[PDB]
Each structure stands twice: as structure tokens, then as C-alpha cells.
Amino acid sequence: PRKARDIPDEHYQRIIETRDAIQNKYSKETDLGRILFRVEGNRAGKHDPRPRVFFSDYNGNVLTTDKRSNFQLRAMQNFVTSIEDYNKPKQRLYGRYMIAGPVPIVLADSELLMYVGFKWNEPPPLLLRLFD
């Protein structure tokens, strides 16, 4: 029963920035596999708190070297197949793992889509009790 929600402007702006950055860093590389390998290489493990970058094509296929966390992979696949409009980036919550995208990206002279997964830690509650 999901909910494609807007990405907060700061988050989206950031995503755009790291997209452009990744694009510029690997502008020399002509091998897509090498790029994906390098990019995903910077994660130290599955419990790595850092935002994880995912990729897909324009045909509904997630592109990744298999990573230690199957859950993030399931969530990403679901997100990719759940997209209603490839021109509007949105975010979806999978348990405690938020996923945002897609944003267009060019790697190895190929047009692909970038996404960002990151665990989302449920805000401290406010109450606001019935007894006024």
C-alpha cells in the first residue's frame, strides 16, 4: 500500500550534486562495469550507515554487482518496478529504508538512472494526548 512522496529539496539537490560529481569523476571511464564496481566499492559493509547508490536502465533492470545486503536489493527492485513517472523523482519507505529516485545519469556514454537508498529513523514522537 505504498506512497510515492516528494523528496525534500535539500535531499534532492544533494542527489543532483552527487550525480553530477559521479558523472564528472568517471567521465574518463568507458567501461560501465568498471564504473559500477568502483562506485559500489566505497561501501565498507552491509551495516554501512552511508547512503547507498543504486543504478538502473530505462528498461526496468537494476544494475549492481551483488552486495552483502539482500534487503536493500529487494527494496530497490520493487522501487524501480513501482515508478509511475520516470521524469519525477520520488521516495518510498521500505520498513526503515527510504529509497529516492530516479535521476538521470550518464556513465560510460550510456544513459542510465541513479537512485539513493538510506535508512530512515522514525522521528521522536510528539504528544499531544487526548486529555488536552
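Numbering starts at 1 and runs along the sequence shown.
Mean C-alpha B-factor is higher over 70-78 than over the other stretch, the pair under comparison being 70-78 and 103-111.
For the pair 122-130 and 4-12, the record assigns the higher mean C-alpha temperature factor to 122-130. When the C-alpha B-factors of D48, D31, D57, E84 are read from the PDB record, the largest value belongs to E84.
Ranked by C-alpha B-factor against the other modelled residues of its chain, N61 falls in the middle third.
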